[PDB]
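J.: can you look at this? It's an experimental structure, sequence on top.
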Amino acid sequence: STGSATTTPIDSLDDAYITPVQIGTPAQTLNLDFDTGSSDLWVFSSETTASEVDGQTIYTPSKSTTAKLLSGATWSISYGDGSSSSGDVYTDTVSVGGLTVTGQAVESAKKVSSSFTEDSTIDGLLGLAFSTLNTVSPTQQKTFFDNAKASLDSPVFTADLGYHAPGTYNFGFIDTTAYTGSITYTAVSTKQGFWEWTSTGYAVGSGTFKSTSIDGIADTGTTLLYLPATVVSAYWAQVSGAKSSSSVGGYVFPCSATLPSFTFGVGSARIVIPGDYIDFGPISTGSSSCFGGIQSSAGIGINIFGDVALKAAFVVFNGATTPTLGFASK
């Protein structure tokens, strides 16, 4: 089997991407944030505290003839940005882009933190990291990809995120028309439950490439590119007037600037992030200070190749017995 679904930016900054997902019988379509940095499929629901729902579409398990309470199971998750959610668990039929999994754990939110309530465009998350990170207790549950893997033509999914435009998540096949050149594959460590790999270095603008190992995670659920402070300082030093602002919470730059590109290494290959992808716009409405899309990972404890980096590439999440990651230009 295969699936193919379009993923769409939630706003003009590409802060996140939503992909329609069919849950239950008859189908209830919710727009979920596909997150290769976590491993829970959770949704706003008829069980969510009413004051914490503000425009999201909800899953109502009582209206699904295939929903079944997973008795005794609860879940609770906290994300790197400080947000969180928790609730109970149903199993139900879940389809993405024509690919159907029966008996998928659908985690129904009873509580969500304010940032989820405040984002009316995201109806939940669909985790695509390794199932060892799934938070369901007392019986950990498998991700949608883990459940579908055996049925897929090939045990892979691909992320093709757009810059200010829709893109595609494919399951079970590699669309050879969606990228240029060849795909360079690189080793993955699953020891932390993430798609964790080691970049071979970086360049800033037209500068020379610096060979240096940068361990980090391919995380579609994180907006920005978080890298070591040395790397980030070298980047922003090329932008007149850029500075790290403790009050804003990272590097800012004059909105009048033209930003240089940023290149990262994948083995001997190179992925180029155009400068425009690094502009996240005014820090507050009408400000001439703009927020940077490359930020320091110091204090986060891990480097994160988030959407800023991934949307410059066609990315293969290879879930073979020994997982690997592939990157191609596009």
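T.: Arrived safely. Numbering: from 1, shown residues only.
J.: ranges for the helices of the stretch 51-200 of the chain?
T.: Counting by DSSP state H, counting those that start in this stretch, one finds helices in the stretch 51-200 of the chain at the ranges 114-117, 144-148.
J.: in this protein, which residue is closest to the centre?
T.: With distances taken as Cα atoms, centre = their mean, the residue of the chain nearest its centroid is residue 220 (1.8 Å).
J.: grab the nearest non-local neighbour of that one.
T.: Nearest in space to residue 220, with sequence neighbours left out and distances taken as Cβ to Cβ, 6 or more residues apart in numbering, is residue 36 at 4.5 Å. In this view, the C-beta of every residue, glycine as well, is placed from N, C-alpha and C.
J.: same question, residue 129
T.: residue 39 (4.6 Å).
J.: the domain parsing of this protein - what is it?
T.: Domain assignment of the chain by CATH domains of a matching chain yields the ranges 5-174, 175-330.
J.: endpoint to endpoint, the longest one covers what distance?
T.: One end of domain 5-174 sits 13 Å from the other (Cα to Cα, to the nearest Å).
J.: could you do the last one as well?
T.: Its first and final residues considered, domain 175-330 spans 12 Å by Cα to Cα.
J.: any idea how far that domain is from the chain center?
T.: Taking Cα atoms, centre = their mean, to the nearest Å, one finds the center of domain 175-330 at 13 Å from the center of the full chain.
J.: mind listing what's buried in stretch 256-275?
T.: For stretch 256-275, the buried set under the neighbour-count rule, 16 or more other Cβ atoms under 10 Å, comprises 257, 259-266, 269-271, 273, 275.
J.: again but with stretch 7-18, I slipped
T.: Under the neighbour-count criterion of 16+ other Cβ under 10 Å, stretch 7-18 has 7, 8, 9, 10, 14, 15, 16, 17, 18 buried.
J.: quick check, nearest of the residues you listed to residue 175?
T.: Within the set of these, residue 7 lies nearest residue 175; the separation is 13.8 Å, counting by Cβ to Cβ.
J.: so how far is the strand or helix carrying that closest one from its chain's centroid?
T.: In this structure, residue 7 is located in strand 3-9 according to DSSP states H and E. Between the mean C-alpha point of strand 3-9 and the mean C-alpha point of its chain there is a distance of 13 Å (Cα atoms, centre = their mean).
J.: and it, which strands flank it?
T.: Note on strand 3-9: by DSSP bridges, its sheet partners are strand 17-23 (antiparallel), strand 167-171 (antiparallel).
J.: which phi and psi does residue 79 have?
T.: With angles defined as degrees, to the nearest 10, residue 79 sits at phi -100, psi 160.
J.: and the residue lying closest to it once chain neighbours are set aside, how many neighbours?
T.: The shortest distance from residue 79 to any non-neighbouring residue, by Cβ to Cβ, 6+ apart, is to residue 38 (6.9 Å). As a burial measure, the neighbour count of residue 38 was computed by other Cβ atoms under 10 Å and equals 25.
J.: which ones are touching residue 38?
T.: In this structure, residue 38 makes contact with 77, 79, 125, 127, 129, 133, 221, judged by Cβ atoms under 8 Å, 6 or more residues apart in numbering.
J.: next step: these restricted to strands.
T.: Among these, DSSP state E puts 77, 125, 127 in strands.
J.: right, and the second one touches residue 40 too?
T.: Just to be clear, that refers to residue 125. Yes - Residue 125 is in contact with residue 40 according to Cβ atoms under 8 Å; the separation is 6.6 Å.
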